[PDB]
């Protein structure tokens, strides 16, 4: 079994992205039988697609789990739908703000996630990790790589399970927002890392 876990580099003035450090910490580990591969994608439209399609070609994983920073979210949000659109409020890391573009012209409006999302969520809960089902992943880079990967799954037969997990801020990133009058929700790094490993595990008890 081969399992891809991606995370992103820091974007829009974040000094840090907790998902980069999750991609890197799950890289090369094995959950029993299954090899896990962890890769960090650019927050750059175009380049992220390119890098993601090479990686899926090269590893050809059975389960792909894409992870992102969802600022101001208070729990682990498990994504239900990727939609065929970019409408970037902020620019990707190269300066490209893209308003109202399809991701794949002619490809479906939307794709549902193939991860067992309610089981993942229920498991997280009995681990005492607060989690819920999100119904929008935005229309920036999370939804973009969440859509391109459910599309390659549909087009090429692999990955077999694909989806997206949004994690809160970690505590160490809150303490300079406090500074400009703001205190967002956070979640410890350790809870987040564990949440994406509990996810990998209910994905494997399902995907055969």
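Positions refer to the first chain, counted from 1.
Visitor: Comparing average C-alpha B factors as deposited, tell me which of 103-111 and 126-134 sits higher.
Guide: Taking the mean C-alpha B-factor of 103-111 and of 126-134, the larger value falls to 103-111.
Visitor: Output the stretch having the higher mean C-alpha B factor in the entry; the candidates are 173-181 and 62-70.
Guide: It is 173-181.
Visitor: Whose C-alpha has the highest temperature factor in the PDB entry: 75, 83, 120, 88?
Guide: Checking the PDB record, the top C-alpha B-factor among 75, 83, 120, 88 is at 88.
Visitor: By the entry's C-alpha temperature factors, tell me which of 148, 34, 141, 165 sits highest.
Guide: By C-alpha B-factor in the record, 34 ranks first.
Visitor: Where does residue 9 sit by CA temperature factor within its chain: lowest, middle or highest third?
Guide: As the PDB entry reports it, the C-alpha B-factor of residue 9 lands in the highest third of its chain.
Visitor: Ordered by C-alpha B-factor within the chain, which third holds residue 16? Give me lowest, middle or highest, please.
Guide: Highest third - that is where residue 16 ends up once the chain's C-alpha B-factors are sorted.
Visitor: Test of reading the entry: by CA B factor among the chain's modelled residues, which third contains residue 204?
Guide: Middle third, going by the recorded CA B-factors of the chain.
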